[PDB]
Structures are given as C-alpha cells and as structure tokens.
C-alpha cells in the first residue's frame, strides 16, 4: 500500500484534473465579486 | 494542461460537462469588472468575437483564437499568454492615463479570466465536451441576445408611456384598451416587433429545412472488401466558416472609414448592409449591385476556401485513392472525372445560398442577422449530426 | 442608467403545456393472464410496493394567471446577496463533486467497482481442475457489494443461505423481502460476471453464468431430470419414485395425456389443462441455414468483414418439417438491393418483439431474450462479447395450429433470421477455418443450439 | 520431460479404462485438453467415455470439436450419427 | 496603493498551487488504497525475520517469487488493458495495476542490489531456477 | 450568367430532401437545444441584473 503511494510521490508532474477547473473558476469569480464588496466598506 | 481521458466518455457525462461549461462561461460573462461612455474598439466586432463590453470578458474569446492560429506544447500556452498580455495592454490603454494601480490590476484580472476561458476550451476540446470551444460560446451569445430581444422586462422612459421590449407587449396591451392595439403591436418600430419574431421563427424553420439537403455518392470499397457505404456531399459545404470571415473583412473595412473620420474631416457609402424594404426601393441600382456584391463574394470566397483549406477535389481524389475507396458504376479511374463535375458547383451554389439568405434576412427584418442565425443553427445541427451516432 | 423596481405588471404573466399533453404487427401474450394465477401474494405485494404533477403545475399556473389577472383587475436589504453566494458557491461545486464522485464508482453496465475487482480476483485464481457448478457461481455472487448497501448488517457467508433458499423453493419467513431484492438484483450482476469472463477468453465460466440465470428464474437445482421440473404442477416424489426415464419435454409429449395424468400425478382437468398448455408454448429451435455472408460480393476474401447469419425456425411439440420441403429460393435468400445492402442488420429490426415469459417464482416481469456466443474451435476460447437477441417471431408456436401431434400452407410458417457481427476481421492465409456458435435461452430449459460453421475462404479475381 | 508426463497420463487413462471407471478418466482427459495437447483420438476417447456415462449434449459437442480440428475416417461420423440417434431418442 | 494588487496576485497564485497540491495528494492516496491481484503475499515480509539476525535461501525465494509475478504480469497486461478500454473494469483498479507493474520491477532490481552484498555471481542464472520450481506445483 | 443557375437546377434534382417525418425529427431536437440555451442565457442575465447595481 505504501509502495503504491511512493510510486506517485517520486514520479509526479503538474497537470490538472477536469473537476479542479470548476473549483478554480468559482474561486476566481468569487474573488472578484468579493473584491467589489471591499469598496462597500 | 488538462489530462486527456484515456477511454472515451459516454454521452451522459459528455452532455453535462458542456452544460456546466456554458453555465460557468456566462457567469464569467456578466460580472462587472472592478476599477471602472459610448466609444469602443468598435461595435461590429463583438458579434464576431462573442463578448460583453465592460466586463471581465471584454477581452473576448480571442485568447483561443491565438493558439489556434498560432499552430495553424507548453510554449503554445506561454505564447498565447504573452499575446493576451499584449492585447490586454492595448485594450486598457486605448479604451476607457488616469492612474497606475487600477491599470495594473485590470491587466491582471483580464489575464486570469483569459486563462480560465482558455482552460475551458481545452477541457471541452480534449474530449470531455462534444464540440469545439470557439463554436459553443459564439452560439451561446447569439442565442442569449435573440432571447433577450424577444423577452425582456426593461422599460423605456422619456417617451409617451412605459413601453416594453419584446412579446411582453402582446399581453401587456391586453390590459390597456381598441382593436388598434394589435396593429399597434404589429407595426411599430422603435422597439423590436412581434411581426419580426413571427418572421424569426419562419427563417429558423427554413434554414433547418435547407440544412438536410445532400448528395449520396455510393462507395464500394476494395482494400478491405466490404463497407458499401455513402459519401455525403452537403449543399451547405465548407460549413460557412469563411463566410463569416468574409463578412469579417467586410466588417474590417469599416474600421478604416471611422479612423479617417476621426483623423481628417477633409478629402481631396452604399456598401453597408441595407436595413429595410422601404428604402430598398429608394434606390433600385445600389441594392441590386449590393446583392450581387454579397452573392459574388460569398461564391468566390467559398470557391477559394475549398482550395486553400483541407477539402478540394485535387485532395479528395487522393483521399479516395489512399483510403481504398472506389465509386460504383464502373468508375475505375474516373473518380476525378466524376468528382470535379459535382463538388465545386455544390460549393459555389452553397455560397450563393448562404449569401441569398444573408441579404433576404436583413431585408426582411429579423432579430439578429442572417450570418448570426446561420452560424448558430449550423453548429447546433453539427452537434445533432455528431450525436446521431449514439 | 439608474432604474430598478420589482413586481412588474407582466413579467410574471408572460412566463405564466397541459393542453398540448391533452392533444397528445404484434406477438400475442398467452401467459399474461396466466402468470398472475400461479404466484403467491408475497411476490405480488412485493411487485405492488415497487405524471399528474404536470397537471397540478398547469392547475397552479392557471390559478396564478387568474390571480394576476385579478391583480390587474383592481386597476382596470443585502439578503439577496447572501443567498447568491449560497446558491453558487456552496451548492454548485458540491453536487458536481458528488456527481463526478458517484459516476466514478460505477462502470459501463452499472456495477460498483469493488464488485468488478472482486470478480476479477475471483476469476484470476480459478484453476481448471475445479468443476464449475451452480453453487460456485452462487457463492461468487454472494461475495458482492451491491447487496451490502441494500442491507448493511448481513454477512456474505449469510447471504448464500438467503439465496440458496430461493433455488430449492424453501422459505426463510423473516427475511423474505431481503431475498426478493437479492433475486431481483441477480440479473444485472450475472451479466456482469458474463462480461468479465468473456474478456479473459474463458468459456466454462460463461456457460456457467448462463446456466445460473437459467436456474434462478425457474427455481430448480442442478438436476439431470430438470426439463420436467420447470412445469407448474409436479409431484416431486411421484416423479422420482416412478423413475420413468422421460428426461425431456418431447418424450413427455410423445405419449398420451392419460399417461401424462399418470406420470405427473395430476388429477384435475383444469390444472392438467393449464400444464399441457404451458408445456406446449416452450420454444425449441432448429437450424435451416448457417451462412457467412459478406455485404459486397459472393465469396470471402483474405481480408474481409463478414457477418454471420442464421435461419432459425421456432417450433415445439411438432414433428420435424424436412429441410427440403421448405422453399429455398423464396425466404432463405436475402434481397440484393443497395439501400438494404449498406446496413443489413436493420432487416432484423423489422421483426416483432418476444412475448412476456412465464415465471411465477421470480419477482419482476421478464420478456424472454436469447443470449448468443461465438468461439474459435482452433483453440477453444471465446472470441467477442456475448450478444442478447430480443426480436424474434413466436407466431409459429401459436395455439391456432395445434394439429401436428392436412392444409399445411407454407406461407404461415414463419422463418426467423438472426444476424451476429464479428468484431474481428477475416484471417489472412487462405484455407479452411472452423468456428463454433452457441445460442441459448434465458428463461426456460428448452433446447440450446451449439453448431459449428466451416468458414471456407477462397480467392476471387 | 513433458511428453513423458503426458504419455504417463495416457497410459494411466488406458489402465483406468481397463478397470472400468468412466467418470474417473474424464477428469484426466479434460486435464489433458486444458494442458495443451491436441490430438484426434483423444476426442474420440473422451466422447466415448462420456457416452458411456450417458450425457448426450457435451458428447455431441466433443464430436463436433473433433470434426473442427481434423478429418478422421469412420471414427467421427459414426459417433456423430450414433449420438444423433441418441438425441432423437432423448427428445422423442 | 501599489502593494495591494500584488497582494491580490500573491494570494491567488499561492492558493492555486496549494489547491493543486491538496488535490494531487488526495488523488494519489485514493489510488494507493485500492485492492489488486495477488494480495495476502508475505515473502517480502517473511524475509525480514531471517534478515533480523542460511539467508541466501530467503534471498532466492524472494527473487524467484518476484520474477514469477513478473512473468504472470507481462502475460496478463493485455487482458486487463482490453478490459479497461472495453468498459467493464473500474478506473482506479486499472491505475492500481499500473502501479503494481512498476513496483514488481523495482523489487526485481532491489533484490539484485541486495544480492550483491555478499558478492555472489549466482544472479546471472538464478531467475531461471524459479521456472522449474513451478514445475513442482504443475504436475 | 444563367447557365450557372442551370447547373444549380441540375444539382437540385439529386438530393434526399428531408421527409415529412424526418424534418420533424430534426426540428424537435434543434428546437429543444436552442430553447434550452436561450432559457439559460435569459435567466442568468435576469439573476445578474440586481447583483450588478448592488455590487456597484
């Protein structure tokens, strides 16, 4: 079980899974929508 | 960098990823950009590039125009991102030099929303979607705009009353009273009329009826001894992707007249698309030569586009010889003689068809245009044609 | 510009299809009245425990339109923000991250994934020196996972008793609904084992997984006297102490009905009438032509895409019609027309649907299908996925004829067609090849069909 | 060493035939077929000792498989027509 | 206010790389808990009792068993691969298989490295000895 | 200038026109796709119009 986990920790890369993209998009959208509310201080 | 799926996606998820990519693209559409009269880069482009004006989609879908035409692998991503940086700097310094940090922040959030739209293109393009990326958003904005015209709750002040926009007038005038209210609904022109939408449904039905026409060339293959099938040659050939581009160059000449108008008033135009049937008979000559201009230009640009791009008899003859296909009816090496007869008349007459619909629509008066309705229903029918396979 | 007001005159009235809804060759069922007769009420109520809301929506819409017309007749806070982040932030990324979770637990047929890994671990250590019986596959089903989410506290060594009792027609009494859901979900799981076993090129597990569904939907154990034990009135002790070597349906049918009332122990004319009726309508088969057709031209060629064609004839309790006496050029030879030569298999879609089967000891309702396998006799392995055929014609087996055991009009004798495609192309070196094709029932014990076909390839100039 | 092992198996099948057990031999003939040896006469031996146990359908399929491998004079076809008469008796 | 947009940019970049790290870790572990073929194996675990304190037989057994798994796995790979592309196998099970095929070759090289600690040249044939021992389980 | 249209009317003789039934198989699917994307695009702008002024 540990060896399989190591297989993914010693040979990695920086690609993205197709569910992460919606998380990124709602994060960026709410960052900007959230940013506007700072001007409503 | 989105990981491509290793086995093909079934149809049920392939629909939902598109149905949430649209629902994230539109919310990315209508959020107001932070840090903000009537001027613009210009009005005509927005329909070509599918963007709102003044939001964080004001850069448009033109990011993925770059990395398509650039390649026409990580270096593709970084070259598109620096080209996006350049285009964003152009839009922020030419458009609406007050201060530094608002400008610095504007470049950043246009860069990030450009990155998100370029990501969703790669997501739908790798195989989770069911079509290309550029095609889907440019269908969606046209659909949203024609439904915004046909139904809207927006009111008109400063006139004679509180006037509505769309088919809301048909029910609203039931309240105010006498039988002229139907005539007052059907003919008035400051707002979009219900006669126009009863013509919009008609042109929308007619283009679907034309879209199914084809010619079935019967093939009996000989390399792998079976597979007696068809070759469809559609009437709407080359998928009318240069034709919008054709109009784009039409649209692009308009950029030079405005520049001259704002640069020099002194000097040492009928080619604009006419808008109504009433002033159509005002000049009999100019409308006639205008429709010959549109018809001839669509015909000749499709006639070239077969040659410069992908599909032409000089190549499709080779594509039949290497793939092993042989046409029926004792046509042993007359595939060229058969195919040169039939394919460019299909292409040129299809270009004339698209042009005739283009001028008859806007003369007839339609919510949208001819090019807009045609570019929408061609790609929706493309989705249905790919899915027919199921 | 600055203009905002809610509760417009018509915005509610314009958005506010019941009227549209208001505007909006068969095969007969001999068993549909009969199937409810021989069931108990514990099965019937279990079915019974397992549309107009649009008409309610139209009613509420008409009432709201009338209320808005009455509202027109009288003339003639940041809380919206905090829901939107609630509507978009929390809700939307949740369900999709549920959805893409849950549809990553299934597979293309509808099995949970640890059951798939369970079958492949169950299959990978199978040695050939074990004999596959029905009890082995009744064990490997009992190790599954979909039964655990139906009932959590039960153990897999405890499920097998609950599933053995259905075969031998016992009664647990306390757990009856549990056993009912187990034998309902027997089907989709057993075709899952079939689809795993056809990937390993294994034959015996495939034939066992067909035989187990043959045994479940009739509730009889693995017996060599099984053909009569599916009949819906039997005395088991009388048939085993008579010890008559009848051992099939045809040998039971070739003798007289008074001897039937003797050997089955049936004494009532209504019960024996229904028993002989259902013993009539049980479809056997017989082949008449088994051909390797190619869509292009007459003779198979060293790289060709053939599909196989069977010309089958459904019959029961009748003497064998001779393979010469039917006309060879009329019905057995296919049309050669191009619009039926591009895709031949739609010809099969012209045929009717199979009637409802008869199973009282099975919970749901079942339209009988016909599984079919292909295999290579060069080595003895399976060759592609099994195919489930559900469009054939039972008009030949009708209760109108009933006179074989002399008009004899040849038009009425329906000849059914079966086409099976090969996902593999032809071989390359020219020479004789041998294939072996099985096509089996799924609901009765009737007669299987395991024929062989000599793929003779030649070279055509 | 494997041909000597399978020849030992075949001689053991021979002695088990002379003793007279019929189900015993089938467990080693199926073992010999799952091992990887394909021969004409082994199919005839398996179909014969399966016919003496009076199971018709797999015997007919075993004769058909022996047809499918190679042609043999007057061994396969007599067994096939005998099993066909047996199945004609069995169905009625 | 020149610090503030770069504060924004720093927040967004660090949250992006933090989410990529958390997603990659969870996706790696949920693969590395899933079951596989040849479970319940103990030869690698039985070697530690002899390696605690005559041990060359345990070296032989571990290397022989690992290369037996290697022969079976390089047989079995197209079958589970076709069962992946065909539709019926889990997505995660096939990835766990893809980790197992690398793990056995890592064990194969590590056992040779552990073999050369006493410097015998047995290694050049010793793998093939496993073949005839399977003969004992054969007949 | 008319012989080209004569090639057009020669072409329009060999074409598998959509049938009475076939075209209503097309227009149902395209109509439901178009009405779905239009209803989505309408409801999104109606939701976003009050946010926008409130967002300021």
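Points worth noting:
- Only a single criterion out of (1) away from every other protein chain (no Cβ under 13 Å); (2) in a loop (DSSP other than H, G, I, E, B); (3) under 18 Å from residue C:289 (Cα atoms) is not satisfied by residue C:420, namely (2).
- Some residue of segment B:51-70 being facing another protein chain (nearest Cβ under 10 Å) and in contact with a strand residue (DSSP E or B) (Cβ under 7 Å, 6 or more places away or on another chain): yes
- Flag not set for residue E:80, criterion: within 30 Å of residue C:100 (Cα to Cα) and in a loop (DSSP other than H, G, I, E, B).
- For residue A:4, the stated conditions hold: it is over 12 Å from the mean Cα position of the chain (by Cα), in a helix (DSSP H, G or I) and surrounded by 16 or more Cβ atoms within 10 Å (Cβ to Cβ).
- Residue tally, condition over 14 Å from the mean Cα position of the chain (by Cα), exposed (fewer than 15 other Cβ atoms within 10 Å of the Cβ) and part of a helix (DSSP H, G or I), over segment D:7-34: 7
- Any helices (runs of 4 or more DSSP H) falling wholly within segment C:1-95 and containing at least 3 residues that are surrounded by 11 or more Cβ atoms within 10 Å (Cβ to Cβ) and within 14 Å of chain B (Cβ to nearest Cβ): C:11-15, C:53-73, C:79-85
- Inside segment B:1-39, residues that are under 30 Å from residue F:52 (Cβ atoms), in contact with a helix residue (DSSP H, G or I) (Cβ under 8 Å, 6 or more places away or on another chain) and in a loop (DSSP other than H, G, I, E, B) make up a count of 5.
- The residue list E:54, E:67, E:14 contains one member that is more than 7 Å from every other protein chain (Cβ to nearest Cβ) and outside any helix (DSSP H, G or I), which is E:54.
- Residues within segment C:296-308 that are surrounded by fewer than 20 Cβ atoms within 10 Å (Cβ to Cβ) and under 20 Å from residue C:332 (Cβ atoms), tallied: 5
- Just one of the numbered conditions (1) in the same structural domain as residue C:185 (by TED's automatic domain parsing); (2) exposed (fewer than 11 other Cβ atoms within 10 Å of the Cβ); (3) in contact with a helix residue (DSSP H, G or I) (Cβ under 7 Å, 6 or more places away or on another chain) is not true of residue C:149: (3).
- One residue from B:355, B:368, B:350, B:382 being in contact with a helix residue (DSSP H, G or I) (Cβ under 8 Å, 6 or more places away or on another chain), closer than 30 Å to residue F:33 by Cβ and not in a helix (DSSP H, G or I): B:368
- Top-ranked residue of segment C:223-261 - restricted to ones that are in a loop (DSSP other than H, G, I, E, B) and within 22 Å of the chain's Cα centre (by Cα), ranked as surrounded by the most Cβ atoms within 10 Å (Cβ to Cβ): C:230
- Breaking point among (1) closer than 25 Å to residue B:345 by Cβ; (2) surrounded by 12 or more Cβ atoms within 10 Å (Cβ to Cβ), for residue B:222: (1)
- Verdict on residue E:28 being within 12 Å of another protein chain (Cβ to nearest Cβ), within 23 Å of residue A:23 (Cβ to Cβ), surrounded by 14 or more Cβ atoms within 10 Å (Cβ to Cβ) and touching a strand residue (DSSP E or B) at 6+ places or on another chain (Cβ under 8 Å): no
- When segment B:92-105 is filtered for residues that are touching a helix residue (DSSP H, G or I) at 6+ places or on another chain (Cβ under 7 Å) and more than 9 Å from every other protein chain (Cβ to nearest Cβ), the ones remaining, listed by number, are B:92, B:103.
- Selection status of residue F:4, over 30 Å from residue B:28 (Cβ atoms) and buried (at least 16 other Cβ atoms within 10 Å of the Cβ): no
- Restricting attention to segment D:8-19, the residues that are within 13 Å of chain E (Cβ to nearest Cβ) and farther than 12 Å from residue D:29 by Cα add up to 1.
- Within segment C:336-380, being within 14 Å of chain D (Cβ to nearest Cβ) and either assigned to a loop (DSSP other than H, G, I, E, B) or more than 21 Å from residue C:449 (Cα to Cα) (or both) holds for C:377, C:378, C:379, C:380.
- Just so you know, in segment F:12-56 the residues that are in contact with a strand residue (DSSP E or B) (Cβ under 8 Å, 6 or more places away or on another chain) and facing another protein chain (nearest Cβ under 7 Å) include one that is surrounded by the fewest Cβ atoms within 10 Å (Cβ to Cβ), and it is F:14.
- Filtered residue count, segment B:61-83, keeping only those that are over 26 Å from residue B:37 (Cβ atoms), part of a helix (DSSP H, G or I) and within 23 Å of the chain's Cα centre (by Cα): 10
Don't worry about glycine lacking a Cβ; one is built from the backbone with ideal geometry, like all the others, and counts go over all protein chains shown. Numbers and lists here come from the model and the stated rules, or from a named source; these are not laboratory values.
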